[PDB]
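First comes the structure, then the notes that go with it.
Every residue, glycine as well, gets a Cβ built from its backbone with ideal geometry; the counts of neighbours run over all protein chains shown. What is reported rests on the model, the rules as stated and the sources as named; these are not laboratory values.
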Amino acid sequence: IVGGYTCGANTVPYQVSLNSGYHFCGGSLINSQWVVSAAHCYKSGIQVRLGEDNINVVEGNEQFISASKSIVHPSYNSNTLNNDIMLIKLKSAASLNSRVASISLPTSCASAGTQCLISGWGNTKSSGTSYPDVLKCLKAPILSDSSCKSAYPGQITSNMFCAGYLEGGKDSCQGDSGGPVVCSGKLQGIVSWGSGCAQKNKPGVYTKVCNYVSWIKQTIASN
Ligand SMILES: NC(=[NH2+])c1ccc2nc(C(=O)c3nc4ccc(C(N)=[NH2+])cc4[nH]3)[nH]c2c1
Ligand SMILES: [Ca+2]
Ligand SMILES: [Mg+2]
Ligand SMILES: [Zn+2]
């Protein structure tokens, strides 16, 4: 997250860190047994870490649970990143408490202008590399699809939306991938891609979760 602030320990209780010997992507807990992340974060051998703040220090509120199954969207296209979403089932249900909680799926899509909260442990430098150990947060609004499409001609589909600032300075980045974009208490996006991080007229692009609620519900109830 570039140009953001330290969230505060466990102030984003649905944020998950996906680990394969190191943190490589974020995710969101949707219920005690399931996590939604991005399909471009797919890997075999994932351990989900809940209740994290510093990912290098066991501070006492963590739960490390291995994934039993991953399901990448049936129509995910790794070249265009269209339908960039994946579900991960936990081997054991997590214990929900103040520090570990799930986030609600949306009942409708959000409007351009809505302010959201994006979080993660990804890179914090636009022109450089600095990976933080504690969770960073960023408040950013959903942008109009026209400013999104003018920034990425022929690359945006109906399953994507842009959020951020066109002036640059604030954006999600590598390492934030798969993490949450929450607006009005609902998970509306998943960190997916962008051009570099925090560059002018290159906002971040997010998977439009309101388009996959039926697929999510149907898939977790049958697995
Ligand atoms: N398993 C891997 N090797 C891997 C995993 C995630 C990656 N992600 C990128 C990436 O290139 C990438 N992930 C991004 C997320 C947000 C933004 C943004 N500017 N908002 C830009 C991003 N670029 N390469 C990746 C490689
Ligand atoms: Ca920790
Ligand atoms: Mg994240
Ligand atoms: Zn990524």
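General remarks:
- Those residues of the range 174-183 which are in a loop (DSSP other than H, G, I, E, B) and away from ligand 3 (no atom under 11 Å from the Cβ), in sequence order: none
- Residue in the range 153-173 that is outside any loop (DSSP other than H, G, I, E, B) and within 16 Å of ligand 3 (Cβ to nearest atom) present: yes
- Positions within the range 111-124 being part of a loop (DSSP other than H, G, I, E, B) and either within 19 Å of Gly178 (Cα to Cα) or within 16 Å of ligand 2 (Cβ to nearest atom) (or both), in sequence order: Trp121, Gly122, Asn123, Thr124
- Among the candidates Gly204, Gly194, the residue that is within 12 Å of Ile1 (Cα to Cα), in contact with an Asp or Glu (Cβ under 9 Å, 6 or more places away or on another chain) and within 11 Å of ligand 1 (Cβ to nearest atom) is uniquely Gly204.
- Restricting attention to the range 145-176, the residues that are among the charged types (D, E, K, R), over 23 Å from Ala39 (Cβ atoms) and more than 14 Å from ligand 1 (Cβ to nearest atom) add up to 1.
- Qualifying residue in the range 162-170 (condition: within 16 Å of ligand 4 (Cβ to nearest atom), under 15 Å from the mean Cα position of the chain (by Cα) and more than 25 Å from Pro74 (Cβ to Cβ)): yes
- Condition broken by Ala101, with the remaining ones in (1) buried (at least 18 other Cβ atoms within 10 Å of the Cβ); (2) more than 21 Å from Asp171 (Cβ to Cβ); (3) away from ligand 1 (no atom under 16 Å from the Cβ); (4) of a type in the set (A, V, I, L, M) satisfied: (1)
- Within the range 184-195, no residue that is in the same structural domain as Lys217 (by CATH) and part of a strand (DSSP E or B) sits with its Cβ atom under 8 Å from a residue that is more than 7 Å from ligand 1 (Cβ to nearest atom) and basic (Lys, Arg) at 6+ positions apart or across chains.
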